Amino acid sequence: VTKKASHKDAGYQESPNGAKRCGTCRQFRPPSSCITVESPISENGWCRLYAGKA
Ligand code: SF4
């Protein structure tokens, strides 16, 4: 498999960015398996990669 981004290289933060959050993101796969970053991932999160899904 191709290597995943670290919580560094995805730009993870300890608080969400307004309305942009992991627990509402198109990438997250509940309960916790984001396709953008290494596992686990918090309910709040946000990453430095954009998505067109609000
Ligand atoms: S780290 Fe980013 S891509 Fe992954 S679930 Fe969170 S907001 Fe989505």
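Residues numbered from 1 in each chain as written, not as in the entry; some residues may be left out. Heavy atoms only, no water.

The deposited coordinates derive from solution NMR.

Visitor: Could you give me a rundown of the nonpolar core, with the residues and numbers involved?
Guide: Counting residues in each nonpolar core, the largest one holds six residues, listed as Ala10, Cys22, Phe28, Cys34, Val37 and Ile41. Beyond its immediate stretch of four places on either side in the chain, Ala10 contacts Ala5, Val37, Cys47 and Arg48. (Core = buried A, V, L, I, M, F, W, Y, C linked by side-chain atoms within 4.5 Å. Buried < 20%, exposed > 50% of the residue type's maximum accessible area, 1.4 Å probe, protein only. Contact = heavy atoms within 4.5 Å.)

Visitor: Please give an account of the site of the ligand that cites residues and values.
Guide: What surrounds the ligand is the set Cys22, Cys25, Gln27, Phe28, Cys34, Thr36, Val37, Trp46 and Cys47. When the residues that make up the shell around the ligand are grouped by side-chain class, the tally is seven nonpolar, two polar and no charged. (Near = heavy atom within 4 Å. Nonpolar A, V, L, I, M, F, W, Y, C, P; charged D, E, K, R; others polar.)

Visitor: Which residues make up the side chain of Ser32, and what values do they have?
Guide: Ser32 sits in the buried class, given a relative accessible area of 18%. At 2.7 Å, the side chain of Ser32 and the backbone oxygen of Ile41 are in polar contact. In contact with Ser32, other than residues within four places in its own chain, are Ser39, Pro40 and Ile41. (Polar contact = N/O pair within 3.5 Å; in protein donor to acceptor, adjacent residues only side chain to side chain.)

Visitor: Account for unusual backbone geometry, naming residues and giving values.
Guide: Backbone geometry follows two general trends: most residues other than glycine have a negative phi, and most peptide bonds adopt the trans configuration. Of the consecutive residues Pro30 and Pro31, the connecting peptide bond is found in the cis state with omega at 5°. In the segment running from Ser39 into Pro40, the intervening peptide bond is cis, with an omega of 0°. For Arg29, which is not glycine, the phi dihedral falls at a positive 40°. Classification of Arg29 as partly exposed rests on a relative accessible area of 44%. Phi is positive for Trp46, close to 75°, though the residue is something other than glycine.

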